[PDB]
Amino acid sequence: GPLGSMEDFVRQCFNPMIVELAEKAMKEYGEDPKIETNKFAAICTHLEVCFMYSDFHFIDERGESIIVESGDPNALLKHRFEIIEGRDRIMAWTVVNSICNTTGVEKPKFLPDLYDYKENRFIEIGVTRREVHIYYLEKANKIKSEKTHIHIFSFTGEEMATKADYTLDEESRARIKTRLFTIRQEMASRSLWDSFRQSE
């Protein structure tokens, strides 16, 4: 079939909020979304996974973790996760440092992606086009804070997480895996997938 452009794919398949946050982060780090196009799509994918991991997860009046998929959560409900990724570096560290001084959790070396108020830990999310164990070790070796929990998703449905602790229920992780499958299938229909996979 015809080869599409990754630019077109990104603009058509991701929410404009995600796209804009991704462009901003690439510029903050000196990379151009119109040149590092596979990376642009990967950043959008990862940021969407971070949002989707957080989506619908609250802590209720009693203090228990619950899932609320309707648009209207009860007003006493608190988001279960803090989202770090997507913020610029000053704001991301502002949020991190705050969590740390409050909850007593130590400060990590690098910016993580989320904070889980139920499990009381930072989370690093990984999304990979390669074997999950390989990518797991890369992230583990990089941060080595050893309090930050790591959760890796691949595009073919495999997952790996610290201490075989997957944090979320099967249905939540299934939403993420379905979305990843969709991204891959659509990239493939546009003849973008092989290259995107190989560029990681």
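All residue numbers refer to positions in the sequence shown, first residue = 1.
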Decide which of the stretches 84-92 and 71-79 has the higher mean C-alpha B-factor, going by the entry. 71-79
Per the entry, higher mean C-alpha B factor between 172-180 and 20-28: 20-28
I'd like to know which of 164, 35, 52, 66 has the highest C-alpha temperature factor in the PDB entry. 66
Name the residue from 62, 149, 46, 39 with the greatest C-alpha temperature factor listed in the entry. 62
Which third, lowest, middle or highest, does the CA B-factor of residue 106 fall in along this chain? highest
Chain third (lowest, middle, highest) by recorded CA B-factor, residue given as residue 158: middle
Using the B-factor values recorded in the entry, state whether the Cα atom of residue 128 falls in the lowest, middle or highest third among the modelled residues of its chain. lowest
